[PDB]
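A.B. asks: Next up is a structure, given as structure tokens.
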Amino acid sequence: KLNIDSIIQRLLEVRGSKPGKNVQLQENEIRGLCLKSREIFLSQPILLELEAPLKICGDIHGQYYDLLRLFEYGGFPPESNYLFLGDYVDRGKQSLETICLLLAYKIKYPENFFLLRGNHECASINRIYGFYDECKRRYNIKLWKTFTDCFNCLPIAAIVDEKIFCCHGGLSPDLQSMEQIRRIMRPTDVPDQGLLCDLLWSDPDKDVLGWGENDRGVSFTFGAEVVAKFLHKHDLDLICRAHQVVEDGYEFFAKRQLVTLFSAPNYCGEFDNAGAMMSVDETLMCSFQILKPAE
Amino acid sequence: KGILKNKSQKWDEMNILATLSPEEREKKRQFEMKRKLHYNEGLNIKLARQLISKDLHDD
């Protein structure tokens, strides 16, 4: 017994406030959210097949106030359907509020609200880039361990009406068949190389022909023709991904066959970028809703 | 009504519009450099693991 309507209500209570106001849920509620969502993730496919209409969002990185701005703009659940591309924790000041609201909505609307796994939904990054420290400051290490187990079960990619492929990072040199994604067993950690690594780590690069070295020191870059071949082969129209801050919140690649979405404006007080969210209507017409940078 | 299952994609051209230089080329280069510097997570994977290792060994 875990009161979802209460949790959502308390998390949403800070809606008008000055950015940075904390919501303090009880320890047992947070791990209630983890345990129930984990169940739902495991019960749904690892490669989601989704119908339009829906809103797609990129990285959020603990920017809770900005997540609330996104829902204000796109409509709070269930007014709209949502697919998030990952990277909910780290970098920002309020990872816990962000993940809890998202996990709460997943539990309440399990077939209209969706979360993919980003590279920060992984202990090897989490320990170091804010989340663990958040957990240990406001609760304890044990809670971080619980989140790790939940994250290990997140789905990895989505296809929207057979036309739009969505994952956090991008393509893999090892991605030949969609069945290869379907075969990944959960729970699972992110390996240092291979398909699951690439899907969460790779980047598009204008200046690369085929597959190249990635400056991150993990995975690869891929060029425009690679994107073209993939869409052609699998009969798709668009690749939708996140993973890199861009100045205007979204950015096209390869004559509009790939788009990068990034939803956190003023990214971690180090950039002055816009954030964007993508709207996909029933006919698969796509439009962009921008959160402009602070003035 | 759910959207989990298990036509052509277009762009709203009016939405896209509604959303080169030696100054702008410089501004782009600065951003690309900032971004490259920021994305250093790959450098600390091993340390993160060693930290997870020894905190497990505390039990």
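Here, A, B, ... name the chains of the structure tokens in the order displayed, residue numbers run from 1 inside each chain, and ligands are numbered from 1 in the same displayed order.
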Can you pull out the residues contacting residue 35 of chain B? Cut-off 10 Å, using only C-alpha atoms, and skip same-chain residues under 6 positions away; I want them as a ChimeraX atom specification.
C.D. replies: /A:244-246,270-271 /B:29
A.B. asks: Mind dumping the selected residues with C-alpha atoms as a PDB file, in the first residue's frame?
C.D. replies:
ATOM      1  CA  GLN A 244      24.053  16.295 -26.161  1.00  0.00           C
ATOM      2  CA  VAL A 245      23.144  19.830 -25.104  1.00  0.00           C
ATOM      3  CA  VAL A 246      22.287  21.933 -28.144  1.00  0.00           C
ATOM      4  CA  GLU A 270      27.055  26.359 -17.386  1.00  0.00           C
ATOM      5  CA  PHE A 271      25.215  26.976 -20.680  1.00  0.00           C
TER       6      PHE A 271
ATOM      7  CA  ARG B  29      33.313  27.090 -31.760  1.00  0.00           C
TER       8      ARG B  29
END
A.B. asks: Could you write out as an mmCIF file with C-alpha atoms, in the first residue's frame the residues of chain A within 6 Å of chain B, counting only C-alpha atoms?
C.D. replies:
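Result saved to out.cif:
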data_model
loop_
_atom_site.group_PDB
_atom_site.id
_atom_site.type_symbol
_atom_site.label_atom_id
_atom_site.label_comp_id
_atom_site.auth_asym_id
_atom_site.auth_seq_id
_atom_site.Cartn_x
_atom_site.Cartn_y
_atom_site.Cartn_z
ATOM 1 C CA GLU A 49 6.118 0.082 -29.745
ATOM 2 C CA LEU A 50 4.103 3.273 -29.338
ATOM 3 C CA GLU A 51 1.243 5.098 -31.049
ATOM 4 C CA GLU A 111 0.478 2.919 -20.831
ATOM 5 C CA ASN A 112 0.560 6.686 -21.556
ATOM 6 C CA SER A 124 29.201 3.902 -13.129
ATOM 7 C CA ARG A 216 33.808 10.816 -24.751
ATOM 8 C CA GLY A 217 36.224 7.848 -24.807
ATOM 9 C CA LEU A 284 3.139 12.011 -37.292
ATOM 10 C CA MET A 285 3.448 15.752 -37.907
ATOM 11 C CA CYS A 286 6.231 17.041 -35.640
ATOM 12 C CA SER A 287 6.519 20.415 -33.945
#
A.B. asks: Write out as a ChimeraX atom specification each polymer residue whose atoms come within 12 Å of residue 184 of chain A, counting only C-alpha atoms; drop sequence neighbours fewer than 6 positions from it.
C.D. replies: /A:42,45-47,152-157,178,190-191,194-197
A.B. asks: Keeping only N, CA and C atoms, write the selected residues to a file as a CSV table (one decimal), in the first residue's frame.
C.D. replies:
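Contents of the output file again-v8.csv:
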chain,number,residue,atom,x,y,z
A,42,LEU,N,9.7,-4.1,-16.1
A,42,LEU,CA,10.0,-5.5,-16.4
A,42,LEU,C,8.8,-6.2,-17.1
A,45,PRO,N,7.7,-4.4,-22.8
A,45,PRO,CA,8.9,-4.7,-23.7
A,45,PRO,C,10.0,-3.8,-23.5
A,46,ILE,N,11.2,-4.3,-23.8
A,46,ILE,CA,12.5,-3.5,-23.7
A,46,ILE,C,12.6,-2.5,-24.9
A,47,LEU,N,11.9,-2.8,-25.9
A,47,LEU,CA,11.8,-2.0,-27.1
A,47,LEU,C,10.3,-1.7,-27.3
A,152,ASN,N,18.4,-0.3,-13.7
A,152,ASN,CA,18.8,-1.4,-14.4
A,152,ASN,C,17.7,-2.1,-15.2
A,153,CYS,N,16.5,-1.7,-15.0
A,153,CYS,CA,15.3,-2.4,-15.7
A,153,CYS,C,14.6,-1.5,-16.7
A,154,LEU,N,15.1,-0.3,-16.9
A,154,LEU,CA,14.5,0.7,-17.8
A,154,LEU,C,14.5,0.1,-19.3
A,155,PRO,N,13.5,0.4,-20.1
A,155,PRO,CA,13.5,0.1,-21.5
A,155,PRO,C,14.6,0.9,-22.2
A,156,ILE,N,14.9,0.5,-23.4
A,156,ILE,CA,16.1,1.1,-24.1
A,156,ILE,C,15.8,1.9,-25.3
A,157,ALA,N,14.7,1.5,-26.0
A,157,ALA,CA,14.4,2.2,-27.2
A,157,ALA,C,12.9,2.2,-27.5
A,178,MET,N,16.2,-5.2,-35.3
A,178,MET,CA,15.5,-4.7,-34.1
A,178,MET,C,15.4,-5.8,-33.0
A,190,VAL,N,25.1,-1.3,-17.8
A,190,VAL,CA,25.5,-0.9,-19.1
A,190,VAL,C,27.0,-1.4,-19.3
A,191,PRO,N,27.2,-2.2,-20.3
A,191,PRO,CA,28.6,-2.7,-20.6
A,191,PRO,C,29.5,-1.6,-21.1
A,194,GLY,N,29.8,-2.6,-27.0
A,194,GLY,CA,28.7,-3.4,-27.5
A,194,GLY,C,27.4,-2.6,-27.7
A,195,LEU,N,26.4,-3.3,-28.2
A,195,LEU,CA,25.1,-2.7,-28.6
A,195,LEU,C,24.5,-1.7,-27.6
A,196,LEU,N,24.2,-2.3,-26.4
A,196,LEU,CA,23.6,-1.5,-25.3
A,196,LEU,C,24.4,-0.3,-24.9
A,197,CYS,N,25.7,-0.4,-24.9
A,197,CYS,CA,26.6,0.8,-24.7
A,197,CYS,C,26.3,1.8,-25.7
A.B. asks: What's around residue 12 of chain A at 9 Å? Count only C-alpha atoms, leave out sequence neighbours fewer than 6 positions away in its own chain, and write the answer as a list in words.
C.D. replies: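 With the cut-off at 9 Å, the set is residues 23, 68 and 101 of chain A.
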A.B. asks: I'd like the interatomic distance between atom CA of residue 280 of chain A and atom CA of residue 39 of chain A, to a tenth of an Å.
C.D. replies: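 Interatomic distance, atom CA of residue 280 of chain A to atom CA of residue 39 of chain A: 28.0 Å.
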A.B. asks: In Å, how far is it from atom CA of residue 267 of chain A to atom CA of residue 169 of chain A?
C.D. replies: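 Interatomic distance, atom CA of residue 267 of chain A to atom CA of residue 169 of chain A: 18.0 Å.
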A.B. asks: Could you list, as a PDB file with N, CA, C and O atoms, in the first residue's frame, every residue within 8 Å of residue 56 of chain A, counting only C-alpha atoms and ignoring same-chain residues fewer than 4 positions away?
C.D. replies:
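Printed below is selection_3.pdb as written:
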ATOM      1  N   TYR A  82       3.495  10.953 -22.830  1.00  0.00           N
ATOM      2  CA  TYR A  82       4.921  11.298 -22.771  1.00  0.00           C
ATOM      3  C   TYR A  82       5.885  10.131 -22.987  1.00  0.00           C
ATOM      4  O   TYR A  82       5.693   9.038 -22.435  1.00  0.00           O
ATOM      5  N   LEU A  83       6.916  10.388 -23.791  1.00  0.00           N
ATOM      6  CA  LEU A  83       8.105   9.556 -23.843  1.00  0.00           C
ATOM      7  C   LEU A  83       9.322  10.421 -23.536  1.00  0.00           C
ATOM      8  O   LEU A  83       9.609  11.371 -24.264  1.00  0.00           O
ATOM      9  N   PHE A  84      10.023  10.082 -22.457  1.00  0.00           N
ATOM     10  CA  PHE A  84      11.282  10.720 -22.077  1.00  0.00           C
ATOM     11  C   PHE A  84      12.451   9.847 -22.533  1.00  0.00           C
ATOM     12  O   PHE A  84      12.389   8.614 -22.430  1.00  0.00           O
ATOM     13  N   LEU A  85      13.513  10.484 -23.021  1.00  0.00           N
ATOM     14  CA  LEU A  85      14.656   9.747 -23.575  1.00  0.00           C
ATOM     15  C   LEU A  85      15.811   9.425 -22.603  1.00  0.00           C
ATOM     16  O   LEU A  85      16.829   8.873 -23.006  1.00  0.00           O
ATOM     17  N   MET A 277      11.017  20.337 -26.483  1.00  0.00           N
ATOM     18  CA  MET A 277      10.237  19.119 -26.401  1.00  0.00           C
ATOM     19  C   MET A 277       9.568  18.985 -27.774  1.00  0.00           C
ATOM     20  O   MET A 277       9.255  20.008 -28.407  1.00  0.00           O
ATOM     21  N   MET A 278       9.418  17.753 -28.265  1.00  0.00           N
ATOM     22  CA  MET A 278       8.842  17.532 -29.590  1.00  0.00           C
ATOM     23  C   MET A 278       7.427  16.979 -29.507  1.00  0.00           C
ATOM     24  O   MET A 278       7.168  16.022 -28.781  1.00  0.00           O
ATOM     25  N   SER A 279       6.518  17.599 -30.255  1.00  0.00           N
ATOM     26  CA  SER A 279       5.131  17.164 -30.329  1.00  0.00           C
ATOM     27  C   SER A 279       4.894  16.381 -31.608  1.00  0.00           C
ATOM     28  O   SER A 279       5.207  16.845 -32.704  1.00  0.00           O
ATOM     29  N   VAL A 280       4.345  15.187 -31.445  1.00  0.00           N
ATOM     30  CA  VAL A 280       4.047  14.311 -32.556  1.00  0.00           C
ATOM     31  C   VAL A 280       2.550  14.078 -32.552  1.00  0.00           C
ATOM     32  O   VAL A 280       2.023  13.488 -31.607  1.00  0.00           O
TER      33      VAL A 280
END
A.B. asks: Can you tell me, as number ranges by chain, what residues are no more than 8 Å from residue 210 of chain A when counting only C-alpha atoms, ignoring any on the same chain fewer than 4 positions away?
C.D. replies: A: 222-226
A.B. asks: Report, in Å with one decimal, the straight-line distance from atom CA of residue 26 of chain B to atom CA of residue 129 of chain A.
C.D. replies: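 Straight-line distance from atom CA of residue 26 of chain B to atom CA of residue 129 of chain A works out to 29.5 Å.
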A.B. asks: Determine which residues of chain B DSSP labels as alpha helix (DSSP H) from the backbone of this structure, then write them out as a VMD selection string.
C.D. replies: chain B and resid 13 to 18 24 to 38 45 to 56
A.B. asks: If we count only C-alpha atoms and set the cut-off at 9 Å, which residues sit around residue 21 of chain A, ignoring sequence neighbours fewer than 4 positions away in its own chain? Please answer as a list in words.
C.D. replies: residues 14, 17 and 65 of chain A
